[PDB]
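Here's the structure we're looking at; comments come further down.
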Amino acid sequence: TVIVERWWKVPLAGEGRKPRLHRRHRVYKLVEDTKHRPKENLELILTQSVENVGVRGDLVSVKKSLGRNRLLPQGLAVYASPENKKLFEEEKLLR
Amino acid sequence: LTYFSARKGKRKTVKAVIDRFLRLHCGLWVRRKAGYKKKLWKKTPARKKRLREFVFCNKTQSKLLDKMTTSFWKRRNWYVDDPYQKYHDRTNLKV
Amino acid sequence: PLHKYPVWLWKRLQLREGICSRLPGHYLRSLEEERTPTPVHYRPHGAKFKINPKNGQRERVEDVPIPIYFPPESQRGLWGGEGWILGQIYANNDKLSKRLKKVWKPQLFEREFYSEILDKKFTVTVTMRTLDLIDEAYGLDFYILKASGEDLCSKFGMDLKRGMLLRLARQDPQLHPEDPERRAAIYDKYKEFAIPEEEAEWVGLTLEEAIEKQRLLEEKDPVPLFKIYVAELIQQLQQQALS
Amino acid sequence: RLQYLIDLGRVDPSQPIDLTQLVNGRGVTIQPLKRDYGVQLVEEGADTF
Amino acid sequence: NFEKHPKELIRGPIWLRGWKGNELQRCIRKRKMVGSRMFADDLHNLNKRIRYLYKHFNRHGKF
Amino acid sequence: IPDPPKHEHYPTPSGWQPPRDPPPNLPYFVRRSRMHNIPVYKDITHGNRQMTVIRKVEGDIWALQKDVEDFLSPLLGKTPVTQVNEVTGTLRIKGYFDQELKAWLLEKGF
RNA sequence: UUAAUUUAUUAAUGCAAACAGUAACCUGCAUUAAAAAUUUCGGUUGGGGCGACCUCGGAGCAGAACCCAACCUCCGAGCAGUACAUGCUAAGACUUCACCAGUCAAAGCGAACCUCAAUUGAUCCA
RNA sequence: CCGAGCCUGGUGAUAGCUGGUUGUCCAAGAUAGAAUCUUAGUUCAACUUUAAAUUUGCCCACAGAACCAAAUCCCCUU
RNA sequence: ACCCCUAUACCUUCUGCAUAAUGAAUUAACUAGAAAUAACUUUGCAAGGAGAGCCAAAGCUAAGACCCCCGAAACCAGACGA
RNA sequence: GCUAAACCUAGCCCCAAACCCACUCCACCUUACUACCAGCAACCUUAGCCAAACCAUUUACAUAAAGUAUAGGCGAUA
Ligand SMILES: [Mg+2]
Ligand SMILES: [Mg+2]
Ligand SMILES: [Mg+2]
Ligand SMILES: [Mg+2]
Ligand SMILES: [Mg+2]
Ligand SMILES: [Mg+2]
Ligand SMILES: [Mg+2]
Ligand SMILES: [Mg+2]
Ligand SMILES: [Mg+2]
Ligand SMILES: [Mg+2]
Ligand SMILES: [Mg+2]
Ligand SMILES: [Mg+2]
């Protein structure tokens with residue numbers, strides 16, 4: 053994904069009006085890319101003990117690739133949704 | 094100088110003039126002397142002094158400036174404490 | 002001469018006029034909505050007023066979206082809100098340097114997605130942005146449901162959504178027997194959403210498709226006039242008997 | 100100017116002189132577009148008031 | 065009692081009803097007021113006229 | 057527009073004075089404006105040319121003109137140079153004599 | 001094209017992004033190439049070319065208030081040196097035949113007790 | 001009619017260049033210089049026209065305008 | 001009626017054209033100055049004017065009155081042709 | 001006296017109002033106007049003339065606020 057700042061300034065047109073645009077408003081200047089960004093980490097609840105990377109029942113911050121192409125498809129983990137979190141807590145308590 | 098604009102069909106102002114000059118209500122045009130913020134070392138003090146004064150434009154120049162602007166820049170403006178306010182109106186003329 | 006209504010309104014008029022009027026009220030509403038989609042390729046001016054530089058003065062600040070271009074590859078599989086950007090660049094980002102045209106493409110992929118409501122694995126063209134969105138909404142199904150039609154950005158996605166809605170409505174067996182409890186559980190996950198069965202049929206359709214559907218619905222065979230005549234005769238006879 | 104107005108009947112000094120009253124009288128014409136911020140009282144008829 | 069202005073008496077094309085104007089100006093007004101619901105073949109012509117007119121006024125003549 | 061209140065002593069401050077009753081019998085009469093001022097005005101035709109105008113004149117304009125001439129001849133050392141227009145009861149007198157003219161009018165009692 | 005500005009196209013690379021593991025194919029940003037693409041080709045001139053010149057000053061033509069040309073005749077300049085009140089301001093003038101640029105300058109307030117012929121360059125931008 | 005086809009559209013393209021600009025009668029009315037990719041043009045000045053306001057305008061007579069011819073400037077009277 | 005005397009077509013372009021410089025066989029009909037600021041003018045009202053907004057140290061409202069035609073080689077977009 | 005002249009009314013222009021058109025039969029996407037036999041499919045910024053007296057960034061495509069704020073080789077102009 054590319055974020056593209058618009059050079060040349062759209063001249064500001066009303067509440068309920070489209071602002072017509074010019075072939076110089078078509079000129080852009082890319083401010084940032086979503087790529088070339090600090091890689092973030094995703095939260096997952098583990099349904100199974102995995103190696104040293106996760107303890108069963110616990111909520112861990114994983115590398116996103118690992119989450120998306122291994123853990124989630126293989127039923128080894130689930131998203132940090134508030135829904136199932138409660139359930140997991142309950143399970144822990146029971147244990 | 095756009096005697097008729099595209100959308101409104103009114104005359105436009107050449108904004109260079111507006112940037113550079115001050116129209117007194119009497120229709121004198123006041124200008125900062127050129128070459129006044131430049132190469133001041135080589136210039137003799139008297140010359141510097143001369144260059145730091147404001148100046149009144151020639152009749153022809155004034156006329157040109159009037160043509161170049163719209164009637165808005167020629168209105169009476171009642172500023173609170175503009176330093177030039179006293180020069181707008183003219184006193185004790187005789188031909 | 003002059004036209005009665007302007008040319009931008011002709012399409013609207015057309016809807017009123019014929020077969021498009023026979024389409025239901027809840028469907029045409031969707032067509033008419035056309036809201037502002039989620040910003041993807043530009044940072045928005047979140048506040049309506051900013052106070053600019055150069056002069057210490059507040060002024061209004063509207064945010065005009067970058068037009069975007071979706072090539073027909075993107076209709077086949079879920080891309081995000083993002084599609085191809087078509088624009089121009091100044092050469093070394095000085096305006097006094099040359100202006101030259103530019104096409105900015107999204108980074109495409111090909112990935113599988115299991116959908117609980119559908120019980121099937123869909124290979125999808127999926128941008129990173131889409132993946133991120135999915136993660137945010139947790140389930141792919143959830144994302145499909147949650148994502149507003151303008152936001153979703155694909156015909157395929159829309160279709161999927163429609164299917165999901167239908168499933169929710171009917172309460173049809175996706176897991177077949179030996180998993181009724183499981184099915185119930187799944188359903189309970191998505192008690193939110195779940196529109197009436199008649200509305201969910203029309204969801205995520207083009208105009209032409211909708212029209213076709215409508216036609217199919219009210220095609221039939223023409224009824225014999227003879228039958229009608231006979232009925233009338235019978236009625237008359239009955240009336241006579243009564244009197 | 101104010102004095103003149105008073106003399107002429109328009110602008111009643113038994114009431115308060117608010118901007119509105121002045122406007123009604125038609126002593127001071129003012130215009131919000133072109134950024135007028137109201138009347139300013141001036142010294143011009145200081146004596147003979 | 066000033067219920068109606070004399071400019072509301074006049075019957076004519078909507079774009080110039082109580083509005084004097086100029087050649088170019090009139091064209092512009094037409095384009096804005098009516099152009100939306102104007103015949104393709106004529107709208108184009110109008111646009112062309114406007115283009116020409118601007119050039120003629122803003123550039124071509126004397127003084 | 058309201059008719060101005062009856063003050064205690066004329067001429068009022070800001071040098072106003074009403075048109076005195078009864079009307080002074082003369083060949084000419086000068087109505088006042090909307091605002092009850094005596095209608096003599098400055099005018100500058102060109103950049104140079106400066107003049108005064110008495111414009112509400114009624115009846116015998118010629119007589120009025122003559123009177124004006126008589127009045128103003130000792131100041132200038134001339135015959136003032138006047139363009140009367142009979143149709144619209146007016147009087148273009150060359151050079152400003154506005155305030156003086158007004159004063160004269162007041163004295164006369166218009 | 002070895003004139004300028006560009007590389008959006010193709011070129012490989014390089015760095016990201018995607019990837020896998022263990023003790024390639026695509027997108028984004030950089031790179032230099034190839035290929036191209038916009039583009040312009042100043043004036044004076046005893047035709048044009050070639051050669052020379054193109055701004056400023058002094059002398060002659062121009063003998064006595066200014067002004068006065070030529071690819072007319074002759075010298076030169078594109079700096080120095082001394083200061084560091086080469087501080088502030090200000091009546092009134094001159095002016096390179098316009099404008100812009102230049103010049104002179106009484107008084108006053110502050111202080112003491114400029115030389116030099118030419119010696120320079122607008123606006124916007126930095 | 002290929003140094004890059006033809007047609008339509010943008011296109012009433014653009015021309016400091018050339019050509020052309022149609023009833024009567026009267027009046028005033030001529031080329032000091034500037035800069036300028038500028039000398040086939042331009043914009044200031046100068047001259048020219050009109051409408052104003054005005055007081056001086058032209059002709060000019062003695063005096064006067066360094067040193068290293070013809071004349072001119074200034075100039076009261078007239 | 002000729003014969004006598006006087007008499008260098010026109011337009012354009014020119015420092016200057018009878019020029020042997022351009023154009024024009026002739027008739028007919030068609031064929032080329034259109035825009036406001038700012039001025040001036042005469043009305044209207046007037047320390048105000050104006051049918052909101054705008055202008056106003058005599059103004060403001062009003063009308064009237066100035067600003068051509070023909071002509072490239074060209075450039076680009078989209079069709080059509082071996 | 002020949003050639004010729006002359007001649008109103010076809011219709012048309014600009015508004016206003018109102019949202020139009022489209023199967024007697026047969027034929028017509030194959031070489032259209034053809035009675036009768038086994039495989040594709042649409043979407044992808046406009047540019048340039050031109051103006052800037054060259055030319056490269058750049059140049060418009062109800063009323064009032066307002067040709068105001070802003071933009072701009074800070075200029076043309078928008
Ligand atoms: Mg609005
Ligand atoms: Mg040459
Ligand atoms: Mg030679
Ligand atoms: Mg001079
Ligand atoms: Mg001194
Ligand atoms: Mg032409
Ligand atoms: Mg004459
Ligand atoms: Mg010739
Ligand atoms: Mg060209
Ligand atoms: Mg062949
Ligand atoms: Mg150009
Ligand atoms: Mg050229």
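Protein chains in written order, with the authors' numbering: chain H, 53 to 147; chain 3, 94 to 188; chain X, 2 to 244; chain M, 100 to 148; chain i, 65 to 127; chain g, 57 to 166. Even for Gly, the Cβ is constructed at its ideal location relative to N, Cα and C.
Original post:
Can you tell me whether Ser-75 (chain X) is buried or exposed, with buried defined as 16 or more other CB within 10 angstroms of its CB?
Top reply: Buried.
Subject >> Own chain, CB closer than 8 angstroms to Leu-206 (chain X), minus 5 neighbours either side, in chain order >> reply: Around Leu-206 (chain X): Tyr-28, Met-159, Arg-163 and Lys-214.
**OP:** State the start and end residues of the unbroken alpha helix (DSSP H) segment that holds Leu-128 (chain g).
**Re:** Unbroken alpha helix (DSSP H) run through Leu-128 (chain g): 117-132.
Original post:
In terms of residue numbering, what span does the beta strand (DSSP E) encompassing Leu-82 (chain H) cover?
Top reply: In this chain, the beta strand (DSSP E) harbouring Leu-82 (chain H) covers 80-85.
**OP:** Could you name the residues of chain X that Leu-128 (chain H) contacts, counting a contact when the two beta carbons are closer than 9 angstroms?
**Re:** Within 9 angstroms Cβ-Cβ: nothing; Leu-128 (chain H) doesn't reach chain X, min ~14 angstroms.
Original post:
Is the beta carbon of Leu-96 (chain H) less than 7 angstroms from the beta carbon of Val-112 (chain H)?
Top reply: Less than 7 angstroms separates the beta-carbon of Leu-96 (chain H) from that of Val-112 (chain H).
**OP:** Please report the residue range of the alpha helix (DSSP H) in which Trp-203 (chain X) lies.
**Re:** 198-203 is the span of the alpha helix (DSSP H), which, as asked, contains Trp-203 (chain X).
**OP:** Name the one or two DSSP bridge partners that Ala-65 (chain H) has.
**Re:** Bridge partners of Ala-65 (chain H): none, in fact.
Original post:
What is the DSSP secondary structure of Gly-164 (chain X), reduced to helix, strand or coil?
Top reply: Helix, per DSSP.
Original post:
By a C-beta neighbour count over all protein chains shown, 10 Å radius and 16 as the cutoff for buried, is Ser-116 (chain X) buried or exposed?
Top reply: Counting every other CB atom within 10 Å of its CB across the protein chains shown gives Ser-116 (chain X) a total of 16 or more, marking it as buried.
**OP:** Please state whether DSSP places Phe-50 (chain X) in a helix, a strand or coil.
**Re:** Here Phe-50 (chain X) carries a strand assignment [DSSP, helix/strand/coil].
Original post:
Using the C-alpha atoms, what's the distance from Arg-93 (chain i) back to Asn-86 (chain i)?
Top reply: Their Cα atoms are separated by approximately 10 angstroms.
Original post:
Between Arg-69 (chain H), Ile-55 (chain H) and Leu-124 (chain H), which lies nearest to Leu-98 (chain H) when the distance is taken from Cα to Cα?
Top reply: Out of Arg-69 (chain H), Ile-55 (chain H) and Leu-124 (chain H), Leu-124 (chain H) has the C-alpha closest to the C-alpha of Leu-98 (chain H).
Subject >> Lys-152 (chain 3) versus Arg-100 (chain X) - alpha carbon distance >> reply: Roughly 44 angstroms between the two C-alpha positions.
Original post:
When you compare only the Cα positions, how much space is there between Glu-135 (chain H) and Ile-67 (chain X)?
Top reply: Taking C-alpha positions only, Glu-135 (chain H) is separated from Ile-67 (chain X) by approximately 37 angstroms.
**OP:** Over the uninterrupted beta strand (DSSP E) stretch that includes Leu-87 (chain X), give me the two end residues.
**Re:** 86-91 is the extent of the beta strand (DSSP E) around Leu-87 (chain X).
Subject >> One or two residues paired with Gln-139 (chain g) in a DSSP bridge >> reply: Note: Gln-139 (chain g) sits in a beta bridge opposite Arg-148 (chain g).
Original post:
Below 7 angstroms between beta carbons: does that hold for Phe-194 (chain X) and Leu-146 (chain X)?
Top reply: Cβ distance < 7 angstroms, so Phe-194 (chain X) and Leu-146 (chain X) count as in contact.
Original post:
Is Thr-101 (chain g) close to chain M, meaning its C-beta is less than 7 angstroms from at least one C-beta of that chain?
Top reply: No - not a single Cβ of chain M is within 7 angstroms of the one on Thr-101 (chain g).
**OP:** List the endpoints of the continuous alpha helix (DSSP H) containing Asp-106 (chain M).
**Re:** Its alpha helix (DSSP H) spans residues 101-107.
**OP:** Give me whichever residues DSSP pairs with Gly-106 (chain H) in a beta bridge.
**Re:** For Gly-106 (chain H), DSSP records a beta bridge to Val-102 (chain H).
Original post:
For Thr-124 (chain X), which residues does DSSP report across the bridge?
Top reply: Beta-bridge pairing links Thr-124 (chain X) to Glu-113 (chain X).
**OP:** Could you name the residues of chain i that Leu-3 (chain X) contacts, counting a contact when the two beta carbons are closer than 8 angstroms?
**Re:** For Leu-3 (chain X), the neighbours in chain i by C-beta distance under 8 angstroms run, in chain order, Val-98, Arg-101, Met-102 and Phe-103.
Original post:
Can you name the residues of chain X whose CB is closer than 7 angstroms to the CB of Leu-123 (chain H)?
Top reply: Around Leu-123 (chain H), no beta-carbon contact reaches into chain X at under 7 angstroms, the shortest distance being about 12 angstroms.
Original post:
Expressed to the nearest angstrom, what Euclidean distance is found between the alpha-carbon atoms of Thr-124 (chain X) and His-88 (chain H)?
Top reply: Cα-Cα distance, rounded: 26 angstroms.
**OP:** With a threshold of 16 other CB atoms inside 10 Å of the CB of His-69 (chain i), please say whether the residue is buried or exposed.
**Re:** Burial state of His-69 (chain i) is exposed, judged by a 10 Å Cβ sphere holding fewer than 16 other Cβ atoms.
Original post:
So is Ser-129 (chain g) in contact with chain M if we call contact Cβ pairs under 7 angstroms?
Top reply: The beta carbon of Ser-129 (chain g) sits no closer than 7 angstroms to any beta carbon of chain M.
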